[PDB]
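What the sequence shown shows, in the deposited numbering, is residues 11 to 341, in sequence order.
Even for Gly, the Cβ is constructed at its ideal location relative to N, Cα and C.
Report on one structure; see the data block that follows.
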Amino acid sequence: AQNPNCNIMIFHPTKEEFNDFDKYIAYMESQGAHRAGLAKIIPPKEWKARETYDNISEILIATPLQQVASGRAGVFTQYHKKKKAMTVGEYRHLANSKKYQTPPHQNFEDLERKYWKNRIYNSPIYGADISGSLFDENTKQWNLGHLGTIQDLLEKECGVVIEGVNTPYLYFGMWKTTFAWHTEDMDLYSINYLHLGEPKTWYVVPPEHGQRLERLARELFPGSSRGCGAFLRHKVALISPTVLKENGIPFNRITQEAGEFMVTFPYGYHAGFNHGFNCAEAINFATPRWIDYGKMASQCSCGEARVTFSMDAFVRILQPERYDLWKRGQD
Ligand SMILES: O=C(O)CNC(=O)C(=O)O
Ligand SMILES: [Mg+2]
Ligand code: NI
Ligand SMILES: [Zn+2]
Numbered sequence: 011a012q013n014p015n016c017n018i019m020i021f022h023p024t025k026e027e028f029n030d031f032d033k034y035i036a037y038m039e040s041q042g043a044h045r046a047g048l049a050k051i052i053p054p055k056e057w058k059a060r061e062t063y064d065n066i067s068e069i070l071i072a073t074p075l076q077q078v079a080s081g082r083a084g085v086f087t088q089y090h091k092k093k094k095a096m097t098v099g100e101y102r103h104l105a106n107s108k109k110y111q112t113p114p115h116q117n118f119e120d121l122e123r124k125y126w127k128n129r130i131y132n133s134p135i136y137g138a139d140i141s142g143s144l145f146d147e148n149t150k151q152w153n154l155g156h157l158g159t160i161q162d163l164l165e166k167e168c169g170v171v172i173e174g175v176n177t178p179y180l181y182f183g184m185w186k187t188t189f190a191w192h193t194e195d196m197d198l199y200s201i202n203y204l205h206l207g208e209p210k211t212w213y214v215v216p217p218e219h220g221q222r223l224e225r226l227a228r229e230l231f232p233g234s235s236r237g238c239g240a241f242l243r244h245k246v247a248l249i250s251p252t253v254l255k256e257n258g259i260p261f262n263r264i265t266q267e268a269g270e271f272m273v274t275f276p277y278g279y280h281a282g283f284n285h286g287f288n289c290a291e292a293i294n295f296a297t298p299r300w301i302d303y304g305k306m307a308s309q310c311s312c313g314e315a316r317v318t319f320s321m322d323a324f325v326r327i328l329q330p331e332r333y334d335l336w337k338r339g340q341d
């Protein structure tokens, strides 16, 4: 078995190898990359996502989210308070202010320490889930707005034809902005490209050990657990590496820098934070191997996680028994 310790793998495709996206994903899996839950892909040196970022300040963040924490430094929840709209120019200036900027630090490790020690005491502002793309339409390789769609994968593998579309989303981050522990909707893959700015640190649990993280989460957030049988779908819970190590949960960590891709694999729990002002683009995708994960994916039926138009159809076709009760939570 390849990659039996479930380490995060890092790939350096040549420009020739960067032409066929599906084939490269299948290559990485042949090397065991999926066992980690997360892989890094460094694009060929000749490749670019676009020519410059010189005119991005006019993008609107219509609903910036202030991430307010509750709990203790290693075990907390966050709630997202909606703020008034601001442009990416305004947001970048805010990120660079004395109140919000990255503190002095020695290296990524000292910064990681400062994040876990100090995150709960602050409320950084995240511009998340903004529909759109920063890939130039002329970028032909690994353009996250030109991937094969999940609906088309389901049609090719299963013969069924369903409604729905699959488009990318932008994320504008600042120091301390946080993504809580989660898997993707319907335990899909995701791909995330860091277009610009400061790094993003990731934590991940191997898919084969995801249920260990779930059991710890039920112990650490016991009222949330009683409220919903899949409460990590709410994307509000944080657990530090120190707490994971104390509880024996297998995980790995890696820092993504500007110009790098990350891929998350089906049922790979992940969480992380941003080091400073940055912009990432991400989208879900599927392969044939995903289908069985989609059929088994948990769902939030308490109604908090409240998910997309396109996820309806996935549920309807892959989880017809759940269909019914799940759409009761989504209506
Ligand atoms: O970048 C972020 O804030 C969160 N992104 C992801 O969880 C992802 O790409 O799957
Ligand atoms: Mg602009
Ligand atoms: Ni994710
Ligand atoms: Zn729920």
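Euclidean distance between Cα positions of residue i and residue j
i         : j       : result
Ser-320   : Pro-114 : 43 Å
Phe-86    : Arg-299 : 34 Å
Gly-269   : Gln-41  : 23 Å
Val-215   : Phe-275 : 11 Å
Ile-52    : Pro-260 : 25 Å
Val-325   : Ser-80  : 33 Å
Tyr-125   : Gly-84  : 10 Å
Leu-180   : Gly-207 : 13 Å
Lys-337   : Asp-322 : 8 Å
residue 5 : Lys-166 : Because the chain spans 11 through 341 in this model, residue 5 falls outside it and cannot be assessed.
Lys-109   : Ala-138 : 20 Å
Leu-163   : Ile-35  : 14 Å
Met-306   : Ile-201 : 21 Å
Proximity below 7 Å, CB of residue i to CB of residue j
i           : j       : result
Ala-240     : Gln-309 : yes
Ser-141     : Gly-99  : no
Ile-327     : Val-170 : yes
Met-96      : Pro-74  : yes
residue 342 : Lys-91  : An answer regarding residue 342 cannot be provided, because it is not within the stretch 11 to 341 covered by the chain.
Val-78      : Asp-195 : no
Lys-25      : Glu-56  : yes
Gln-88      : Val-253 : no
7 Å Cβ shell around residue i - same chain, five flanking residues per side excluded
i       : result
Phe-145 : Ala-59, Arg-60, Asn-153, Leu-154, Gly-155
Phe-31  : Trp-152, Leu-157
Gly-237 : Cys-312
Sequence-distant residues of the same chain with beta carbon closer than 8 Å to residue i, five excluded per side
i       : result
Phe-118 : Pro-209, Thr-211, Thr-265, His-285
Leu-48  : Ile-18, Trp-212, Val-214, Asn-262, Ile-264, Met-272, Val-273, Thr-274, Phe-275, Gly-278, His-280
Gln-12  : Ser-40, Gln-41, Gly-42, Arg-45
Buried or exposed (CB count within 10 angstroms, at least 16 for buried), residue i
i       : result
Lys-150 : exposed
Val-273 : buried
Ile-20  : exposed
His-22  : exposed
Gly-258 : exposed
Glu-331 : exposed
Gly-220 : buried
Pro-14  : exposed
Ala-105 : buried
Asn-176 : buried
Distance between beta carbons of residue j and residue i, contact taken as under 8 Å
i       : j       : result
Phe-283 : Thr-188 : 5 Å
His-244 : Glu-314 : 5 Å
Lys-186 : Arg-129 : 6 Å
Chain-order list of residues whose beta-carbon lies under 6 Å from that of residue i (same chain, five-residue window excluded)
i       : result
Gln-161 : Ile-172, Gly-174
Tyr-131 : none
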